[PDB]
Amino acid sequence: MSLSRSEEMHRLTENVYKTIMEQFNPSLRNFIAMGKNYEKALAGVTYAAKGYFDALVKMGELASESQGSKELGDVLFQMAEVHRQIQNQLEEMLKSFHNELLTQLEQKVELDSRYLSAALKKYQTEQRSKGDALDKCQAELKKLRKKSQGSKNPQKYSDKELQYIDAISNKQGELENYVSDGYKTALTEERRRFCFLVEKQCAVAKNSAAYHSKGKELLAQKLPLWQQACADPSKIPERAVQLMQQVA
């Protein structure tokens, strides 16, 4: 009963390590690879966005120097400025994505390769030698019982038999305790790794939220004004109207 249940925990414990080594960590390596690709792609946007908003600033310059669209100069400059602020918050999340998520997860899989192997082998080696010491102890008592039973004075050898019964109970206790500790440890190892992944994700999501809220905020202020500014393409500047009046 205690044996059955203990051997089951032993199986469960082994399955946990096997699952981390064979499923969790290889899938996590793929997640990391996919994340490096994502980082590469987002970083690619950085450079491209800058030549875009530089080109936009250039149109703002031309507008500044125009005969009748000078107002649209500052509008174009503020469109570029809004981006500059947004793209900066992006770069903040990109730094945290690299430094806090990717680097930390990579360091963790790297450590695990030797750690999990070693931790498993140590568990297996010790669990086995504890079982073996118990088995040997049980065989020793069984021999002693066969000897004492077929003897005129069975009482004589019983003090050693009682001592053997104690040793057996202690060893069985030690084995069961070792197995239940190993099982709690295995579960803790499994859970800490999922939790760390979720923790790292939350960290970048907090940076994404700050990035998006900044984007929303800056556009809410500026967009109605930009929409109003370009709203009348037929608008002649005062100087031009005065000039036309002079030729009249």
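Residue numbers here begin at 1 and follow the sequence given.
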Report the stretch with the higher mean CA temperature factor, choosing between 85-93 and 101-109 on the basis of the entry.
-> 85-93
Of the two stretches 44-52 and 181-189, which shows the higher Cα B-factor on average in the entry?
-> 44-52
Taking the C-alpha B-factors as the PDB entry records them, is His10 in the lowest, middle or highest third of its chain?
-> lowest
Lowest, middle or highest third: where is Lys18 by Cα B-factor in its chain?
-> lowest
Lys122's Cα B-factor: lowest, middle or highest third of the chain?
-> lowest
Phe77 - Cα temperature factor, lowest/middle/highest third of chain = lowest
Ranked against its chain, the third holding the CA B-factor of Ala240 = middle
